[PDB]
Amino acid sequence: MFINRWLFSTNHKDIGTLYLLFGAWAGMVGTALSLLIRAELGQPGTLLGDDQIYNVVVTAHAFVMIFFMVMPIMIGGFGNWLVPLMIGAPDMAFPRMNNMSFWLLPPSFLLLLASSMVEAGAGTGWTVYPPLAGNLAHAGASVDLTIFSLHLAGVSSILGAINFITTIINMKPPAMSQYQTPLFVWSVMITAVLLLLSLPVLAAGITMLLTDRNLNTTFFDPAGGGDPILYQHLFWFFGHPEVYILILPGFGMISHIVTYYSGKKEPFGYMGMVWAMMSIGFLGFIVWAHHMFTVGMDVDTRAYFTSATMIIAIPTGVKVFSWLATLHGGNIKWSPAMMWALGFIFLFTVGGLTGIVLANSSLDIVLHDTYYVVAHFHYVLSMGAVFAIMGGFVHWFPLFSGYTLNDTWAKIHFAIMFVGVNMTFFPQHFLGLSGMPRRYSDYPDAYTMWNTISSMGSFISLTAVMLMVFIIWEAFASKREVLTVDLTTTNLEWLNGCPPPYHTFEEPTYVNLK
């Protein structure tokens, strides 16, 4: 029973559950790594003694948070659970391939951990640039284990994107057009299209790195006529789309949360929201060299990429505005999920504004590779992606489990986390304006005060993560079973009860053409 159900699954809900369990455990690993980064920096001097170990910890923190925590939970977890329930589909198009997307992730994670166990680990930064990543500065197997880790995660996501796109286009009620599907579904479809286009380019680039390292190719090695800068083009060609892939399903969840707890039956400006997501998806393919404003490209190239990058604010502010307009006239229910969402809307805006500042290749000369970049992206990842994840998790938890959380505990959890992240990342703006580099295990003495504060903030977010664990336990410990859910007439995923049964829509929904 157990093996058939849990190792041989063909069920979109149970596979979504596995992804949630996987990402939450990866979350713990990524968090402990971030605490180690902040411990090394929380006073002057060296704590690890070993600056290769520091770089290994920074690199692993990033891969774990992006590939094993954020993308499994948002796409694999929420996407599997919610997308068929939102369009009335009996499962995913390819329910057995879907299980391989999930099972590719523990072996991929195992390879990343193995790379930090053997030799001196991969202390390269998550961009893994040659020659630092090459077979002389990083001799031995660590960087090769890392590259293979990324191969298996890229294949898992590419097969997942093909599943989601096929499901969303092919398995709706015959009368429902694409313009009648919920915003979260659009957000996942568009994310799947970015994954499908950008992951194979990543795969081509790290393959060429692997051969430079092991087969005497010289794609990236000036001695054979190669060029380390070609690697950066290939990597960022994937890596920009990758940031938009991390945020877009959170945009989809935020729309549902803010609509729901405003008591509204639809988000304001549904076609503007869909337009804005497609526009961001499109523009996110033509801006990547803003990650390269110091490598020595022509001035015109840099002027174009500054300009193209700024355009992205326009569709983005359309969403920000449409969230606010959705709130407008609401009957506001101050639930914990709505608090996460309101925090998303504000902090994500701050983080997006610092991204605009960095979009100027002029000013970026002085901010590149400083802590101002680290501030920008932790605003949009650790207060955008992660707040959307927490909001989605408290909102839909009763659907997934059949039990309710203690809302008071959940609100305390939000308050502590909110204090923690702001105290950790806000002072990093000062550090980067004042010229402190990224990727440093120690700093000149003048930078002490901000670093001290930032490390203290990080322990406050630790307290919050521990509490969240306790909150989930308390809910399964107490077993308050769900009775009634509001607003089901515009939230189809709740209409089968909590939790829904194993097979839902065996008889599909009935929708008239009219």
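Numbers for residues come from their place in the sequence shown, where the first is 1.
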How does the C-alpha B factor of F377 compare with the rest of the chain: lowest, middle or highest third? middle
Ranked against its chain, the third holding the CA B-factor of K265: highest
Using only modelled residues of the chain, where does the Cα B factor of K333 rank: lowest third, middle third or highest third? highest
Taking the values exactly as deposited, rank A60 by C-alpha B-factor within its chain and report the matching third: lowest, middle or highest. lowest
Temperature factor at the Cα of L18, chain-ranked in thirds, falls in the middle
